[PDB]
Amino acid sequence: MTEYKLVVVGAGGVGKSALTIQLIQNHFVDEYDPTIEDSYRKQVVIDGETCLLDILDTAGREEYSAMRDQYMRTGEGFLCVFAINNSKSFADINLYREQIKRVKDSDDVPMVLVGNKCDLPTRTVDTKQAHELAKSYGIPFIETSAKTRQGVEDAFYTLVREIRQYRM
């Protein structure tokens, strides 16, 4: 069957592991355990297609982020994740996109901007900024919440659709 190699990048603590496990195991991880790397293979049906998702959960902290270039080099689509209560993580979004564009050596790379932790009552990132930023990249933007599962399927499935457009 068809496979989609997905990579989740973003600053440390934004929710990359909680989003993946929410999609893969249908539950919210409350504890924080920093990631070096974690890989998953999960079968799912998107828009009628039975396909296999190959999710690579990368590191956000820099000291953990050794070998981040190689993980990005093999991925086909990227979830660029930031937390809406962490303005530093949203500023880093442009750094992750440029690092992806250079390791893949391509201008168009299937990519989706993700704003996590929308369940939180107070935020520090303007949704108007994220829509504007993703618009200038040519990629979609999706507000998610790994605690309430809001938008979690939307994020990964939209990325898969962006990979289809690339292959087709």
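Position 1 is the first residue in the sequence shown; the rest follow in order.
Stretches compared: 22-30, 125-133. Higher mean C-alpha B-factor in the entry: 125-133. The mean C-alpha temperature factor is higher for 85-93 when 85-93 and 70-78 are set side by side. Reading the B-factor column for the CA atoms of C51, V103, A59, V114 in the entry, the top value corresponds to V103. Per the deposited coordinates, the residue with the largest Cα temperature factor out of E63, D38, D47, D119 is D119. When the modelled residues of the chain are ordered by their C-alpha B factor, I55 lands in the lowest third.
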